[PDB]
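Okay, so here's the structure we're looking at.
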Amino acid sequence: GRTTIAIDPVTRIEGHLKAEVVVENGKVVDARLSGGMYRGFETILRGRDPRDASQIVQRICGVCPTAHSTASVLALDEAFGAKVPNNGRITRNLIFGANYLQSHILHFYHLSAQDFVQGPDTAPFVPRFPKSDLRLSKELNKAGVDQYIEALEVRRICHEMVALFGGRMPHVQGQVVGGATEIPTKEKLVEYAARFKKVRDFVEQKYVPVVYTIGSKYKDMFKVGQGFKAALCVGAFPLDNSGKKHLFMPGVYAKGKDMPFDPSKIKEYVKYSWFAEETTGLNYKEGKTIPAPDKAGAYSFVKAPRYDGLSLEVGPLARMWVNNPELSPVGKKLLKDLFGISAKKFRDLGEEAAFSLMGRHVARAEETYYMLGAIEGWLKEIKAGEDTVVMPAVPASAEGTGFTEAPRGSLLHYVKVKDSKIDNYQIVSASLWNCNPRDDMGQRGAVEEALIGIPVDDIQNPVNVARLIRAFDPXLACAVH
Amino acid sequence: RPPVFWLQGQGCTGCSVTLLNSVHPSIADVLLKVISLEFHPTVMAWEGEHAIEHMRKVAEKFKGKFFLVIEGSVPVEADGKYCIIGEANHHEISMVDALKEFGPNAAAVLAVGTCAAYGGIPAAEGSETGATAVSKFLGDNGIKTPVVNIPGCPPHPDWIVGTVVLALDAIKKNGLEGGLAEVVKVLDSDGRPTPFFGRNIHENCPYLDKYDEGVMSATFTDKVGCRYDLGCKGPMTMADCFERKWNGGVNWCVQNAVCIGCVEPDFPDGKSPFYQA
Ligand code: SF4
Ligand code: SF4
Ligand code: FCO
Ligand SMILES: [Cl-]
Ligand SMILES: [Fe+2]
Ligand SMILES: [Kr]
Ligand SMILES: [Kr]
Ligand SMILES: [Kr]
Ligand SMILES: [Kr]
Ligand SMILES: [Kr]
Ligand SMILES: [Kr]
Ligand SMILES: [Kr]
Ligand SMILES: [Kr]
Ligand SMILES: [Kr]
Ligand SMILES: [Kr]
Ligand SMILES: [Kr]
Ligand code: NI
Ligand SMILES: [S]
């Protein structure tokens with residue numbers, strides 16, 4: 001029969017999320033995701049010196065502020081007509097990249113891993129579900145724990161890598177319109193490289209291994225969470241000063257079918273979100289944000305984005321799928337050793353397994369390796385002492401748009417200037433693509449979809465409802481702003 | 001180890017993240033040897049109505065002995081709908097509802113971040129949520145629970161960890177309401193502990209000479225001059241960042257670009273524009 005479970009708050013995510021599932025036959029058959037907290041940076045930002053945006057918009061999210069600083073300056077760059085010094089471009093990628101590493105380590109170890117690992121006997125790691133489904137050996141579980149404790153210092157270090165050229169973290173001071181505010185010295189490029197090597201080693205040696213190690217005990221989890229099996233990437237970490245080659249190149253994948261990315265095919269629906277009916281369906285350049293907290297039928301503060309009517313998903317999997325890069329070394333081994341599988345590029349994981357609860361966790365562990373390579377490649381490219389910033393003039397009237405990939409997926413800021421002050425600012429952020437409610441056609445958000453068919457053998461212990469959600473790395477602050 | 005509840009409202013999860021960067025003690029030592037963290041929606045194992053129930057239990061167990069941490073401001077408008085935190089017994093809980101339930105029965109209340117302490121960004125010019133600072137919310141609902149503000153956007157881990165200790169040690173020495181009186185005594189007028197916010201940035205800036213010479217930087221990357229013309233707000237900010245610096249000491253805001261006075265009650269509106277004198 002049909003029993004309704006409600007999980008509010010979903011813990012070990014970032015932000016306020018309620019998930020609602022209805023269960024018949026021991027499987028999820030309908031879901032509803034609610035974003036329960038709203039601030040409205042999209043109106044707060046109106047009227048300000050455009051250069052304030054590069055600080056305000058980081059306070060959207062405390063985990064991924066450099067993705068916001070980055071999206072923001074990119075837009076301002078366009079709107080001001082600024083030319084970012086080549087050596088500034090790299091410095092920016094070094095500030096942002098170091099937090100991808102920090103974000104992804106943070107997610108697995110400190111947010112997800114407890115899905116699969118019993119921490120110690122001290123709060124907050126108990127009290128927890130009696131029938132939790134923690135299948136690791138006393139040994140593997142004590143190894144799971146030892147590393148969590150270790151990630152506490154690895155991720156703390158990544159924030160010192162960020163802070164060397166960004167100034168601080170969370171909330172960098174270093175990224176501005178025109179580039180980066182501090183030129184890398186030889187001295188500090190060592191400081192960064194020293195720490196980078198400690199991190200390089202942990203990711204290669206501990207994090208990537210243990211995701212497969214744990215994964216192979218939970219092989220049933222690659223069979224659920226497929227959702228619409230559609231992915232989005234919009235490009236990130238520019239490699240040239242022209243805007244052509246990027247670390248992640250853009251692209252869409254929907255219905256076995258690859259296509260190009262067209263930002264003008266973006267519209268945000270609000271039928272089921274607490275925003276004024278008269279704003280639904282617009283594109284970011286014409287956006288408005290009018291909260292309607294008493295609207296009947298709405299059930300989330302997160303808008304409902306669709307790309308040409310599609311409900312897509314974003315993030316590591318979505319990025320690693322579109323680009324299909326060559327799999328890491330440590331990953332090709334343990335796929336052979338533990339899964340008995342042979343793959344050399346990403347898509348050799350196939351649509352079903354890649355697009356699975358445990359396939360996204362892995363994309364995120366594989367994408368991190370990919371970043372070890374990007375950062376090592378930039379520490380060669382950076383040249384100490386060469387100028388990073390230009391000091392542009394505020395346009396009276398201008399418009400710009402910044403596209404990038406936050407750790408959790410596609411992010412963009414759009415800005416409209418008037419009389420030299422912000423007249424409109426709009427944000428389409430990663431967790432907005434995953435955690436959104438239904439659109440106006442009743443089409444479910446990508447995660448709402450992913451939840452269908454999830455095993456809830458144990459209505460008392462619906463631990464998998466929350467395991468699926470966590471695999472997406474949600475930030476409901478980034479979703480709502 | 002005394003029991004701690006960590007409740008987020010209109011926060012960006014920044015307060016929590018900066019605390020994970022506490023070096024000595026590392027966050028792990030804080031959690032296992034200093035405090036019993038009983039509820040924190042971001043790090044804790046259990047979830048949902050279970051996760052709330054465990055809190056009300058501990059809250060009812062240790063009435064007058066649990067410590068209540070608030071990150072983010074409290075949006076009172078729309079009956080509290082702009083910030084729902086949970087559901088238990090099929091009724092949904094606003095931050096307003098929660099701060100009422102638990103605020104009164106706490107040893108003390110730690111408002112962390114500039115959002116919680118002073119209201120900050122969700123309370124700024126252009127907001128329509130009625131975002132309210134903790135201390136103001138409580139008084140306006142009759143609650144007399146002591147409140148300690150540890151502001152910042154985000155606060156430096158040491159300002160937090162620092163504040164917890166000097167209150168437990170104020171409680172060890174003199175018992176509870178005795179320590180709490182000592183704790184309230186080391187506060188300036190803005191509810192901040194003077195150990196951390198008792199000195200001004202400017203008055204201790206190492207570029208103060210460049211300030212007095214009138215040599216200013218024209219581009220950010222020019223680390224020679226004073227930053228006032230680029231928009232540094234050190235002159236009107238009260239914080240010890242010049243000493244301890246950020247992220248294990250690897251940089252800080254004036255050295256890197258500018259100070260935006262994130263610790264001050266008027267942040268952000270009173271400190272904007274950030275990048276003009
Ligand atoms: S204006 Fe800023 S850089 Fe100049 S002396 Fe004051 S705190 Fe230092
Ligand atoms: S120096 Fe100023 S802007 Fe930087 S952390 Fe301290 S109070 Fe905030
Ligand atoms: N990563 C991150 Fe934040 C989210 N989701 C953004 O963009
Ligand atoms: Cl980020
Ligand atoms: Fe938006
Ligand atoms: Kr953590
Ligand atoms: Kr764990
Ligand atoms: Kr783990
Ligand atoms: Kr290897
Ligand atoms: Kr924490
Ligand atoms: Kr966190
Ligand atoms: Kr811990
Ligand atoms: Kr933690
Ligand atoms: Kr206190
Ligand atoms: Kr603490
Ligand atoms: Kr405390
Ligand atoms: Ni975020
Ligand atoms: S995030």
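Any value given below was found using the heavy atoms of this structure, including those in side chains, with hydrogens, waters and symmetry copies removed. Chain A is the first sequence line, chain B the second, and so forth, proteins listed ahead of strands; every chain is numbered from 1.
- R59(A) places a side-chain N or O within donor-acceptor distance of the main-chain N or O of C153(B), the cut-off being under 3.5 Å.
- Only the backbone of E49(B) comes within contact range of chain A, judged by heavy atoms closer than 4.5 Å.
- Of the atoms belonging to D49(A), it is side-chain heavy atoms, and not backbone ones, that fall under 4.5 Å from chain B.
- Side-chain atoms of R168(A) never come within 3.5 Å of backbone atoms of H156(B) as a donor-acceptor pair (strictly under, hydrogens ignored).
- With a 4.5 Å cut-off on non-hydrogen atoms, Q460(A) touches chain B through its backbone but not through its side chain.
- Of the two parts of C262(B), only the side chain, counted from C-beta on, holds a non-hydrogen atom closer than 4.5 Å to a non-hydrogen atom of chain A.
- Between chain B and the options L152(A), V63(A), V172(A), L106(A), heavy-atom pairs under 4.5 Å are most frequent for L152(A).
- Within the 4.5 angstrom heavy-atom criterion, no atom of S34(A) approaches chain B.
- At a 4.5 Å heavy-atom cutoff, the contact between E128(B) and chain A is made by side-chain atoms alone.
- Contacts between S22(B) and chain A at a heavy-atom distance below 4.5 Å involve the backbone alone (N, CA, C, O).
- In this structure, the portions of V258(B) lying under 4.5 Å from any heavy atom of chain A include both its backbone and its side chain.
- Here the side chain of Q10(B) pairs a donor or acceptor atom with the backbone of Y38(A) at under 3.5 angstrom.
- Looking at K81(B), the atoms closer than 4.5 Å to chain A (heavy atoms on both sides) sit in the backbone and in the side chain alike.
- For chain A, the nearby part of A218(B) is the backbone; its heavy atoms alone come within less than 4.5 Å.
- Contact of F165(A) with chain B is made through the backbone alone, with heavy-atom distances under 4.5 Å.
- A donor-acceptor pair shorter than 3.5 Å can be found between the side chains of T122(A) and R1(B).
- Under a 3.5 Å cut-off, the side chain of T11(A) and the backbone N or O of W46(B) do form a donor-acceptor pair.
- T219(B) touches chain A through backbone and side chain together, each having a heavy atom under 4.5 Å away.
- Your options are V162(A), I183(A), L17(A), and the one with the most heavy-atom pairs under 4.5 Å with chain B is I183(A).
- Proximity of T42(B) to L111(A): side-chain heavy atoms (C-beta onward) are separated by under 4.5 Å at one or more points.
- Remark: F137(B) pairs with no residue by the ring-ring contact (aromatic ring centres under 6.0 Å, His included) rule, at least two apart or across chains.
- Each of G62(A), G167(A), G47(A), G88(A) has some count of heavy-atom pairs under 4.5 Å with chain B, and the biggest count is that of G167(A).
- For chain B, the option among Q114(A), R39(A), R156(A), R12(A) with the highest count of heavy-atom pairs below 4.5 Å is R12(A).
- When heavy atoms are compared at a cutoff of 4.5 Å, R48(A) approaches chain B solely by way of its side chain, counted from C-beta outward.
- Contact annotation: the side chain of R155(A) approaches that of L20(B) to within less than 4.5 Å [non-hydrogen atoms, C-beta and beyond].
- Of the N and O atoms on the side chains of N251(B) and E182(A), at least one donor lies less than 3.5 Å from an acceptor on the other residue.
- Applying the side chain to side chain donor-acceptor pair (under 3.5 Å) criterion to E101(B), with sequence neighbours excluded, gives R56(B).
- With a 4.5 angstrom heavy-atom cutoff, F301(A) touches chain B only via side-chain atoms.
- Side-chain contact between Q173(A) and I260(B) is present, with at least one heavy-atom pair separated by less than 4.5 Å.
- For chain B, the nearby part of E153(A) is the side chain; its heavy atoms alone come within less than 4.5 Å.
- No donor-acceptor pair under 3.5 Å is formed between the side chain of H50(B) and the backbone N or O of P127(A).
- Under the 4.5 Å side-chain criterion, counting only non-hydrogen atoms from C-beta, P291(A) is not in contact with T129(B).
- Residues of residues 270-277 of chain B having a heavy atom under 4.5 Å from any heavy atom of chain A, listed by number: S272(B), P273(B), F274(B), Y275(B), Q276(B).
- Looking only at distances, a side-chain donor or acceptor of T43(A) sits under 3.5 Å from a matching main-chain atom of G126(B).
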Show every donor-acceptor pair shorter than 3.5 Å between a side-chain atom in residues 384-391 of chain A and any protein atom, with sequence neighbours excluded, or say none if there are none.
{"unit_1": "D387(A)", "atom_1": "OD1", "unit_2": "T221(B)", "atom_2": "OG1", "d": "3.2"}
{"unit_1": "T388(A)", "atom_1": "OG1", "unit_2": "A180(A)", "atom_2": "O", "d": "2.7"}

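- In this structure, no portion of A131(B) lies under 4.5 Å from any heavy atom of chain A.
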side-chain contact (heavy atoms from CB on, under 4.5 Å) for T181(A) and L230(B)? Distances and angles first, verdict last.
CA-CA 11 Å; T181(A) 60; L230(B) 300 164; over 6 Å; no
